[PDB]
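As a starting point, one isolated chain is supplied in structure tokens, in the form deposited in one PDB entry.
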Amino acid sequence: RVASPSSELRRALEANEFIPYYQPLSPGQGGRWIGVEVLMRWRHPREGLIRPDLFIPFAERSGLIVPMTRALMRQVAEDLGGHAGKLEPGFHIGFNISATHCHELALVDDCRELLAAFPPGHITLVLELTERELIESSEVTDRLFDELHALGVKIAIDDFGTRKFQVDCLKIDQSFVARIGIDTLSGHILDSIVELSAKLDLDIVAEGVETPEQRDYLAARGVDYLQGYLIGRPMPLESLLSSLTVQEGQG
């Protein structure tokens, strides 16, 4: 009896096999990193560094994604809370959140605990939800989103464009960025998302910026922040600290 995917994930979680990788965001117009998206990685003893799409789906169905995310947040506080010195005041730290998470308030404690691992106001904690994760729990029962804002947590909509709330940020899915220059329809729709963000007073991140064409196009329309291989791949702690060290020493 080789035990299941279930016991496998709980095992890994007890053995902290789930680690943060960190992808930088950069301002639309370039410059020092202003934040990171924390991306889960599974460092598997047997198989190597396994990537999220192979395991986040079972985490969500089994419910284990909730504890997993808590562990990840604690790890990030441990990873970065001692090195606040290297982080531009207001540095954004984003975490991907599941729909299961949006039930009940514990999440508020987790956010409070992380925030409390840095000096007050020195970072901005962001939570990324996809549009369908808001669908399914629609609208009403959310003192949760009120309680999170009153601690200064921000809410971003992930993979946007692929209803309602107080959300603070939109992240343009990489699918639109990928088609810049190459199709006018896609371009116009993307200009619309951008224009809407501004009407509603939301910040906007473009994800999957890989080329200078893409970067320049987005910048020309006042996209607030960029993320992608052009700026930097997802990377382990050591590389992030090394790269931030460089950025503090010249500007």
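If you superpose the two forms and keep the largest set of C-alpha atoms that fall within 1.5 Å, you have the rigid core. Residue numbers here begin at 1 and follow the sequence given.
A second form of this protein, the form deposited in another entry, is not displayed here; the remarks below concern that form.
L134 is the only residue from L134, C111, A77, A178 whose Cα shifts by 2 Å or more between the shown form and the other one, the rigid core being superposed. Annotation for the pair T141/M68: C-alpha atoms approach each other in the other entry, by 3 Å or more compared with this form. Whereas the shown form places them at one spacing, the Cα atoms of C169 and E139 lie at least 3 Å farther apart in the other entry.
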